[PDB]
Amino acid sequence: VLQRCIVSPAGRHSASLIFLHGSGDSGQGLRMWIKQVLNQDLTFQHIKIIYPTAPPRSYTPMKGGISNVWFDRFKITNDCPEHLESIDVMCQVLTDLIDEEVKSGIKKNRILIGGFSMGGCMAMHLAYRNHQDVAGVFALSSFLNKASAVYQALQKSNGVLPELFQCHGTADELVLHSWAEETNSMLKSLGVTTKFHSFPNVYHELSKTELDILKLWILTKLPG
């Protein structure tokens, strides 16, 4: 079962935020990173924050070395196929996490999924392929590979889709800004309502302005 860090709401629990860490991190590591960036913990009045940890597994860009990665990648580029087999395994594990939140009494339309780097890619696969009834999706410094299963699923979709909140730093040398912009343009052309925030002088990192406007957007999607 997934290990996790739970940041409670201040009052009665009525919504949930599943926040997925980037490659090589952990749920507690991301929570602590956000705490450092904001100079205090990210908390809400009625939204519970769930920071699960990717189980350690082989990671091909690390030459098969073990890392806390949600899924595998052949190479760091958007120009190669995505590794669907590892993505689908993690989609099932994270569906069990969403189902335990629903079982606890939270409607799927009161759950927001998102992440940083790999976590954002994982959140997009979850929301647009299996859980189109979530309140929304957010991706921080993330991208989808060309010919993604997300695009094929959206091509075959007809309903209302979860809104995407996407942020990227223009100077990011790990996830190129062009890969994140292409992903956002692709999703928009496929019928997804999106907000794309481009941060100049921001690299592959979390910024205080980015987290402040993300918090404001989460509150519009999960009102008290």
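Don't overthink the numbering: it's just position in the shown sequence, from 1.
- Taking only CA atoms, the mean B-factor in the PDB entry is higher for 91 to 99 than for the other of 141 to 149 and 91 to 99.
- Stretch comparison (54 to 62 versus 23 to 31) by mean CA B-factor in the PDB entry places 54 to 62 on top.
- Between the residues 68, 45, 158, 184, it is 158 that shows the highest Cα B-factor in the PDB record.
- The deposited CA B-factor of residue 129 belongs to the highest third of values across its chain.
- Residue 10 sits in the lowest third of its chain by CA B factor, as recorded in the PDB entry.
- In the deposited entry, the Cα temperature factor of residue 202 sits in the top third of values across the chain's modelled residues.
- When the CA B factors of the chain's modelled residues are split into thirds, the value for residue 196 lands in the highest one.
- For residue 166, the recorded CA B-factor ranks within the lowest third of the chain. Only modelled residues enter the ranking.
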